[PDB]
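One chain is shown next in structure tokens, namely the form deposited in one PDB entry.
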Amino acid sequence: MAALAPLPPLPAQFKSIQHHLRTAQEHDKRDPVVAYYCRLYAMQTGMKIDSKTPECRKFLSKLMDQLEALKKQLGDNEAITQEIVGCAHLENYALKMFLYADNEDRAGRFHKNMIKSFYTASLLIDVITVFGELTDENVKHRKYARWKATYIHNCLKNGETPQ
């Protein structure tokens, strides 16, 4: 039911965060909480790359409103009001994807989904780093996912069956 007005053309400047906002737009249909936090991360990295540019200004204004819209859309939400609750929710999401990938490995089958799953998990980790605090598992998971993601990708590229 919830929806946000269309966003202007995306310049190469925000290409690095394109994957972030892109996933957010997708989640908007799955979960608004994830999108809200996701958009927050994009904004931070956005302003850092380009504070306020007469051109990007349009993108920033729209993006900023998008987050504001979600806030009012829900209104009284623990995930929004309580950061701790939202933090635990995000962590759980990463765990679900993390296990899913491991489950596929045990099955003795590898697919492009595994790499995508690991990549998605890493993205969530960043969204969590925004809190300025990182857990031991969060940091370890990032490295583990980075290695597994690359290792699996490299193995396939070399035509070798992953371990």
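Quick note: we count residues from 1 along the sequence shown, nothing fancier.
Omitted here: the form deposited with a partner chain bound. The next part is about that form.
S.K.: Using heavy atoms and a 4.5 Å limit, would one call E55 a contact residue for the partner chain in the deposited complex?
M.R.: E55: no, not in contact with the partner chain in the deposited complex.
S.K.: Given that the partner is absent here, does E133 sit within 4.5 Å of the partner chain in the deposited complex, heavy atoms only?
M.R.: Because no heavy atom of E133 falls inside 4.5 Å of the partner chain in the deposited complex, the answer is no.
S.K.: Does at least one non-hydrogen atom of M43 fall within 4.5 angstroms of the partner chain in the deposited complex?
M.R.: Contact with the partner chain, yes.
S.K.: Consider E91 of the chain shown here, and say whether it contacts the partner chain in the deposited complex, taking contact as heavy atoms within 4.5 Å.
M.R.: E91 lies outside the contact set for the partner chain.
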